[PDB]
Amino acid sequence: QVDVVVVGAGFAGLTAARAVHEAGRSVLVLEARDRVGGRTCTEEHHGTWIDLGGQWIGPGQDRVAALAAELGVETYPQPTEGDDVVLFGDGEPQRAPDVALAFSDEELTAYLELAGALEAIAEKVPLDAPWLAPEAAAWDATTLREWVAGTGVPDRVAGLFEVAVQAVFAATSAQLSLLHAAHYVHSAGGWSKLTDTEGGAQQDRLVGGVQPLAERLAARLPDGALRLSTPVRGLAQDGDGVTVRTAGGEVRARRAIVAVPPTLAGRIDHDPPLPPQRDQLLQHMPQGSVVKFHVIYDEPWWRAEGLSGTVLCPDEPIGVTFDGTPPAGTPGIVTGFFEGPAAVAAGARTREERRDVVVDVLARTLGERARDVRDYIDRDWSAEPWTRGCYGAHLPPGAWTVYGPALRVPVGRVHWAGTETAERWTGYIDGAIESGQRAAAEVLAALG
C-alpha cells in the first residue's frame, strides 16, 4: 500500500507527486499516455521543438516561472515587432504597427470600456468560490454574449471582442456564463493579462518546448514512481484506503489525487459512485474545442517585408496567428488556432484540408509566398482520448452556482487537482501547478 496514488502526469499530477515525495511519503503516478505533460506536448520536427499543446508563460504566472528557473529551462520572448495584418470580410488586408490601429478612435474607446466593465464584474467574483459573488445568481443565468449585447457596443467591437473570447476560451461567448468568464478574468488578473503578448500570457516561450519541462519535473520522482501507458479504469475506496483498477491490475493506497480533465474524471468507475452534485458538475464542465497548427517555412520570410506574422481575421475560420520561429531564426513558423465552432468543423476534415484553409488565409494576409510551405503540423485536442478538448473546461449558464461548489471538495480519500481547480491562472500551466500544490498539502495533512 503506497501512501498516495496520483492519477495523471500533467503539470498538476507531477507537482502533487513531487510535493508528496519531498514530504517523505510514498507515491505512485499512473499516466494513460506513453509520455508525461498531458495538455503540453512537444515533438522534434525540422531540427526544432514543436509545442502541439501549451507553449506560452507570461508575467504574473509565478509558479511556472519559479519551476522553469528551478529545473534550468530558459525562456525566449514571443516576437512582438513588425506590422500586424487585419482583414475584415471581403476587404483588403490592412498593415498596422498594432491590431488596435485598424479600428477608429470611437471603436477603441468602446472596446476598452467593454473590457473595463468585464474587469469590474470580475473583481467581485471570489477566486475560491465564484458561486459566492454577490450577483452570482444573475451572472450565472446570463451568457457572456447576452451581456456584450446589453452594452450597446458597435458590430465591429463585438466582432473583435468575439475573436479575443474564442482565442482565450476555445468557445463562443454564447457557450459561456458571464459568471464563468468573469471568474476566469479575475483568475488571470485582468483582460490585458489574457490578451496581451508583451505584459501578458503570450509574452514568453521555453527553450526546447514545454513537455521537456514536465519531464525534468518527473525526473525529480524516484525510479518506479511513474507508470506510463497505464490508464486508470476504476477508483474504489473504503475506511482503510483506496484501490486503483487498471487493465494490468490494482494499486492499493491510503489516499488518491485525481489530476485529469473534468470530463475524464467523470468516466472513471468510482466506488462508491461520486455524490450526485459532483457527477452532474462534471456533466456541466465541457472542454473547449481547438485545433492548434504550426505552418513551417525554410525562413520567416514575412520579417523581411516588415510583418510580425500576426494576422487578425474575424470573418475567417482561423483566429489570431503568431510568429512561432525559434531563436535560431529558422525554420520560419506561423502558429495559430481553429477555435470553437471552426475547430469542430476543421476536426471533421483531414490535415490536408486544414492545411489548405490555413495556407489560403495566410496567402491573402501575409502574402502569396505563404503558398510555398515546407510542412504543416497540427493537433485536434478534441480527438485526444486522454484530453477530449483544449484549452480546458468552461461552464455554461446555471452550472457555477448549482453544481460548482463540488469542484474541489474531497470525496472521502479522493482529492482533486488539475488547472480547472486553480484559484489563479485557471486554464493555464501555472494554474495546473497551483492545483497540485493544493491537493498535495490536503493529502499530507490528512495522512498526518
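Residue numbers run from 1 along the displayed sequence.
In this crystal structure, the stretch out of 340 to 348 and 364 to 372 whose C-alpha atoms carry the higher mean B factor is 364 to 372. Look at the mean CA B-factor for 177 to 185 and for 234 to 242 in the entry; the higher one is 234 to 242.
Comparing the listed residues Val207, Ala129, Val251, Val260, the entry records the largest Cα B-factor for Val251. Highest C-alpha temperature factor among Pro212, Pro317, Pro286, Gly332, as the PDB entry reports it: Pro317. When all modelled residues of the chain are sorted by CA temperature factor, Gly306 is found within the highest third. Compared with the other modelled residues of the chain, the Cα B-factor recorded for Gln202 ranks in the lowest third. Among the modelled residues of its chain, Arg379 has a C-alpha B-factor that falls in the lowest third according to the deposited record. For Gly324, the recorded CA B-factor ranks within the lowest third of the chain. Only modelled residues enter the ranking. When the CA B factors of the chain's modelled residues are split into thirds, the value for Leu447 lands in the highest one.
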